[PDB]
Amino acid sequence: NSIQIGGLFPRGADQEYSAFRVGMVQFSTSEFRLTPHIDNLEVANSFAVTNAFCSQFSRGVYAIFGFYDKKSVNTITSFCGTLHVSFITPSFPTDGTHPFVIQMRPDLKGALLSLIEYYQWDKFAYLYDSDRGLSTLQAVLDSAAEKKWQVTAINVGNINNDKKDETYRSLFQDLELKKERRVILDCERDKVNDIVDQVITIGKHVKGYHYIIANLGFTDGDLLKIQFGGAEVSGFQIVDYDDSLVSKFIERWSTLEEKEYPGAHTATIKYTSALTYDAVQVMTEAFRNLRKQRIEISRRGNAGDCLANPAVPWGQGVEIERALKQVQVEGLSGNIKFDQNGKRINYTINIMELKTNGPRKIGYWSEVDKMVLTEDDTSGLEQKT
Amino acid sequence: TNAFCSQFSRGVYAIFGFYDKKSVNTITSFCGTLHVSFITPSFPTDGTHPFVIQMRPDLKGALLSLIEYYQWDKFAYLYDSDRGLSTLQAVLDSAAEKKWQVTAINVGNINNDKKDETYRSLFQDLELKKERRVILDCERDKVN
Amino acid sequence: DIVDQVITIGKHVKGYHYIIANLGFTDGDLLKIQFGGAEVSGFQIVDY
Amino acid sequence: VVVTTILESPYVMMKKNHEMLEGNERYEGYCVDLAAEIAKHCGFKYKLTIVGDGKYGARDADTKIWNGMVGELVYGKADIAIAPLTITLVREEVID
């Protein structure tokens, strides 16, 4: 069956799009076929994000898959809320509840507020990134009032690519004079490797300093350089390599060609590609459940305009989202089930701590049970009293 | 989007309009590529954006100059989200190098129904901490 | 190879002192050890 | 300018008919006539208020709050305290 979908992949993103093909290959069905129409356009310019939304809506697609940014979060969720076309994304979750936009990426606010209380902090910097958003910054500032945390929040994503050395060095000398040992750096994989390399050169990574890479990809960053120094670098990892559904995928990931799927000949996977591969499973399972409980899936694909005065819904699109919310599968990230809003629920984030073996697991955060510290080997084995 | 593309069809020369934190990312992108000038008295853009002209002066410099006059180091900061958060980034970066203990509390997400009970729970949280001096940073309807 | 393993272990904070006892002091990599706070003395035979 | 103080003999005491009077004349004592001799030198009006909890006040260990009369000078419920306030170190760093 000819079912078409839409793509909004950014410029320079390749491992996310290579892991979109692999999910298209494995999760295909002879009963119903997904037809991707992919646009490699800039995700920052909301004019180009608007145009790609209309050209795919002129095709008559039933559900659009793509990424978005702070400069376009309020564009896509406004078009999808009005034109009633569902939207699947691994990008950052919106703060306000938005209908017709499903989010594959788990929210990490309650995990980050659980990890700080686990180490029992009271005074720590927080380097945030504006392009990531200020959503988590609102969480650890509103909860700072209730539990008395002397948070020194410093913007760091405004630092330009030309002059990054003198600004980062003038940054950490400020945290030294306030005696800020504990740092929660929180930014994408671009700005984690540039902060960590300036931590290495300044040498803020001896014993005594503590870090929390507050990304969902903890092994995704460079980790060997920060490892042996003696700085306890905690973090969060959404996909666990010993789940035996994941390690079957890693074998099939590494044994692909580099020239056919760029960025696929790797040992690890980015956390965006893990949710990109999971999202094809959810689009397949919901379209499969759209086929079992059969309805008129076929639509007269002659919308075209996207400037309709007034623009009207189409009521079968609500039936699509009601199937997209009604999904409980297993993937790389874990149990994938949604609420009536669109954020994920009954998911599980692994708290990873960095030891000299490499990444080491100490617990898992969850929604129904806050922070289950796992079975402990009494990590540094104590001398007898 | 439609009203901007509507006036692009009438062939206007300059466009005067307001925006919010939802559509600040829309108009500055549309006016950038379509090369049409835009005039606004709303909150100014954060980074430099082309073709968008602001009639409203920036106050993030004057807020820092007012605080350094009164010699404050321990003040709460009730801010509204819907206006934008560009003032919050200024009084958190300047909270670093001048030894300020800012208690920045968002207030914009409060509903129409239970607004009186949460504000009572809000100012009581500034009585356990005893923050006397409070910067209100919000629109005229959220001031009163 | 020693300096890169000093950088990774982080033996180059303030308190550690080094003397590169070669005649070429600028000849080695020097930007990586510079900002850490380790006083790296040395010897240079040719003066620019 | 509100002169706060605490009710300790002979620094601040009640007079004979304090219901019959109002304001400053409800109180007498050492600091009260000292408060006037500040006012005749510096030139400012004053109104004597008594701190409510009846403590000179020290910093709480956990909440780091000040109670008592130093709790009125730091937190700004009064402008000056002419009273038996013992010069210490923990009170020097918050009020002068």
# chains A, B, ... in the order shown; residues from 1 in each chain; ligands from 1
>>> residues_around(residues="residue 233 of chain A", least_positions_apart="3", cutoff="10 Å", atoms="only C-alpha atoms", output="list in words")
residues 183, 184, 205, 209, 210, 211, 212, 213, 218, 223, 226, 227, 230, 352, 353, 354, 355 and 359 of chain A
>>> write_last_selection(atoms="N, CA and C atoms", output="PDB file, in the first residue's frame")
ATOM      1  N   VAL A 183      29.980  21.662  38.284  1.00  0.00           N
ATOM      2  CA  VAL A 183      29.514  22.305  37.061  1.00  0.00           C
ATOM      3  C   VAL A 183      28.516  21.379  36.394  1.00  0.00           C
ATOM      4  N   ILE A 184      27.342  21.896  36.048  1.00  0.00           N
ATOM      5  CA  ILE A 184      26.439  21.146  35.187  1.00  0.00           C
ATOM      6  C   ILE A 184      26.480  21.773  33.811  1.00  0.00           C
ATOM      7  N   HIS A 205      40.200  19.561  35.596  1.00  0.00           N
ATOM      8  CA  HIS A 205      39.702  18.196  35.666  1.00  0.00           C
ATOM      9  C   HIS A 205      40.527  17.310  36.575  1.00  0.00           C
ATOM     10  N   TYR A 209      37.049  18.404  41.209  1.00  0.00           N
ATOM     11  CA  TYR A 209      36.046  18.972  40.323  1.00  0.00           C
ATOM     12  C   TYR A 209      35.047  17.886  39.986  1.00  0.00           C
ATOM     13  N   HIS A 210      33.790  18.267  39.828  1.00  0.00           N
ATOM     14  CA  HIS A 210      32.731  17.340  39.477  1.00  0.00           C
ATOM     15  C   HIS A 210      31.969  17.929  38.304  1.00  0.00           C
ATOM     16  N   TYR A 211      31.486  17.079  37.416  1.00  0.00           N
ATOM     17  CA  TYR A 211      30.781  17.513  36.222  1.00  0.00           C
ATOM     18  C   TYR A 211      29.526  16.679  36.077  1.00  0.00           C
ATOM     19  N   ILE A 212      28.511  17.228  35.425  1.00  0.00           N
ATOM     20  CA  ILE A 212      27.353  16.459  34.988  1.00  0.00           C
ATOM     21  C   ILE A 212      27.048  16.872  33.561  1.00  0.00           C
ATOM     22  N   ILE A 213      27.397  16.030  32.604  1.00  0.00           N
ATOM     23  CA  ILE A 213      27.004  16.255  31.223  1.00  0.00           C
ATOM     24  C   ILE A 213      25.517  15.954  31.149  1.00  0.00           C
ATOM     25  N   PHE A 218      25.641  10.368  26.670  1.00  0.00           N
ATOM     26  CA  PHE A 218      26.808  10.554  27.520  1.00  0.00           C
ATOM     27  C   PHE A 218      28.052   9.933  26.906  1.00  0.00           C
ATOM     28  N   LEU A 223      35.290  11.100  25.619  1.00  0.00           N
ATOM     29  CA  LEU A 223      35.194  10.723  27.014  1.00  0.00           C
ATOM     30  C   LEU A 223      36.530  10.200  27.515  1.00  0.00           C
ATOM     31  N   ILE A 226      38.758  13.031  29.269  1.00  0.00           N
ATOM     32  CA  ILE A 226      38.374  13.546  30.578  1.00  0.00           C
ATOM     33  C   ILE A 226      38.472  12.443  31.620  1.00  0.00           C
ATOM     34  N   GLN A 227      38.743  11.219  31.174  1.00  0.00           N
ATOM     35  CA  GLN A 227      38.530  10.044  32.009  1.00  0.00           C
ATOM     36  C   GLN A 227      39.589   9.917  33.094  1.00  0.00           C
ATOM     37  N   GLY A 230      40.685  12.304  36.899  1.00  0.00           N
ATOM     38  CA  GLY A 230      40.185  12.268  38.253  1.00  0.00           C
ATOM     39  C   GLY A 230      38.984  13.144  38.523  1.00  0.00           C
ATOM     40  N   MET A 352      24.716   7.352  34.259  1.00  0.00           N
ATOM     41  CA  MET A 352      26.031   6.790  34.003  1.00  0.00           C
ATOM     42  C   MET A 352      27.065   7.640  34.713  1.00  0.00           C
ATOM     43  N   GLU A 353      28.028   6.992  35.348  1.00  0.00           N
ATOM     44  CA  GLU A 353      29.131   7.672  36.004  1.00  0.00           C
ATOM     45  C   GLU A 353      30.422   7.198  35.357  1.00  0.00           C
ATOM     46  N   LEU A 354      31.385   8.098  35.210  1.00  0.00           N
ATOM     47  CA  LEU A 354      32.602   7.752  34.493  1.00  0.00           C
ATOM     48  C   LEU A 354      33.683   7.257  35.442  1.00  0.00           C
ATOM     49  N   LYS A 355      34.098   6.008  35.249  1.00  0.00           N
ATOM     50  CA  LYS A 355      35.204   5.410  35.987  1.00  0.00           C
ATOM     51  C   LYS A 355      36.301   5.036  35.002  1.00  0.00           C
ATOM     52  N   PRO A 359      32.498   4.252  30.744  1.00  0.00           N
ATOM     53  CA  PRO A 359      31.162   4.500  31.287  1.00  0.00           C
ATOM     54  C   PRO A 359      30.688   3.339  32.143  1.00  0.00           C
TER      55      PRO A 359
END
>>> residues_around(residues="residue 69 of chain A", least_positions_apart="5", cutoff="7 Å", atoms="only C-alpha atoms", output="PyMOL selection string")
chain A and resi 43-44+131
>>> closest_atom_pairs(of="chain A", to="chain C", cutoff="10 Å", atoms="only C-alpha atoms", output="CSV")
residue,atom,partner,partner_atom,distance
A:169,CA,C:35,CA,8.8
A:198,CA,C:35,CA,9.8
A:199,CA,C:36,CA,9.5
A:200,CA,C:7,CA,7.1
A:201,CA,C:32,CA,5.9
A:202,CA,C:36,CA,4.5
A:203,CA,C:36,CA,5.4
A:204,CA,C:13,CA,8.2
A:205,CA,C:10,CA,6.9
A:206,CA,C:10,CA,5.9
A:207,CA,C:10,CA,9.1
A:224,CA,C:8,CA,8.8
A:225,CA,C:8,CA,6.1
A:226,CA,C:8,CA,7.2
A:227,CA,C:8,CA,8.1
A:228,CA,C:9,CA,5.6
A:229,CA,C:9,CA,4.4
A:230,CA,C:9,CA,7.6
A:231,CA,C:10,CA,9.9
>>> closest_atom_pairs(of="chain D", to="chain A", cutoff="12 Å", atoms="only C-alpha atoms", output="Markdown table")
| residue | atom | partner | partner_atom | distance |
| --- | --- | --- | --- | --- |
| D:62 | CA | A:148 | CA | 11.2 |
| D:63 | CA | A:148 | CA | 9.7 |
| D:64 | CA | A:148 | CA | 11.0 |
>>> interface_residues(of="chain B", to="chain A", cutoff="10 Å", atoms="only C-alpha atoms", output="ChimeraX atom specification")
/B:1-3,5-6,21-34,47,76,81,85,89-97,99-107,109,125-126,128-129
>>> interface_residues(of="chain B", to="chain D", cutoff="12 Å", atoms="only C-alpha atoms", output="list in words")
residues 74, 75, 127, 128, 129, 130, 131, 132 and 133 of chain B
>>> write_last_selection(atoms="N, CA and C atoms", output="mmCIF file, in the first residue's frame")
data_model
loop_
_atom_site.group_PDB
_atom_site.id
_atom_site.type_symbol
_atom_site.label_atom_id
_atom_site.label_comp_id
_atom_site.auth_asym_id
_atom_site.auth_seq_id
_atom_site.Cartn_x
_atom_site.Cartn_y
_atom_site.Cartn_z
ATOM 1 N N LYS B 74 21.174 40.610 46.945
ATOM 2 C CA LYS B 74 20.275 39.543 47.358
ATOM 3 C C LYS B 74 18.845 39.966 47.033
ATOM 4 N N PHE B 75 18.377 39.654 45.833
ATOM 5 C CA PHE B 75 17.065 40.093 45.387
ATOM 6 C C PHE B 75 16.383 39.003 44.581
ATOM 7 N N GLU B 127 9.257 34.563 51.846
ATOM 8 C CA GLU B 127 9.286 34.906 53.263
ATOM 9 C C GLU B 127 10.049 33.871 54.077
ATOM 10 N N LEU B 128 10.138 32.638 53.583
ATOM 11 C CA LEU B 128 11.094 31.711 54.174
ATOM 12 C C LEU B 128 12.517 32.151 53.874
ATOM 13 N N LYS B 129 12.745 32.667 52.673
ATOM 14 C CA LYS B 129 14.049 33.186 52.301
ATOM 15 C C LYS B 129 14.253 34.612 52.791
ATOM 16 N N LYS B 130 13.158 35.334 53.055
ATOM 17 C CA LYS B 130 13.154 36.769 53.366
ATOM 18 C C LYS B 130 13.870 37.574 52.281
ATOM 19 N N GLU B 131 13.307 37.545 51.077
ATOM 20 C CA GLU B 131 13.711 38.456 50.011
ATOM 21 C C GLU B 131 12.791 39.659 50.090
ATOM 22 N N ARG B 132 13.345 40.788 50.514
ATOM 23 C CA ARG B 132 12.557 42.006 50.579
ATOM 24 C C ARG B 132 12.317 42.578 49.198
ATOM 25 N N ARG B 133 13.380 42.776 48.443
ATOM 26 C CA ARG B 133 13.336 43.571 47.229
ATOM 27 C C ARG B 133 13.183 42.656 46.023
#
>>> residues_around(residues="residue 86 of chain D", least_positions_apart="5", cutoff="10 Å", atoms="only C-alpha atoms", output="list in words")
residues 56, 91 and 92 of chain D
>>> write_last_selection(atoms="C-alpha atoms", output="PDB file, in the first residue's frame")
ATOM      1  CA  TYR D  56      18.129  40.765  70.474  1.00  0.00           C
ATOM      2  CA  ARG D  91      26.469  41.190  63.947  1.00  0.00           C
ATOM      3  CA  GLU D  92      29.189  43.355  62.444  1.00  0.00           C
TER       4      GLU D  92
END
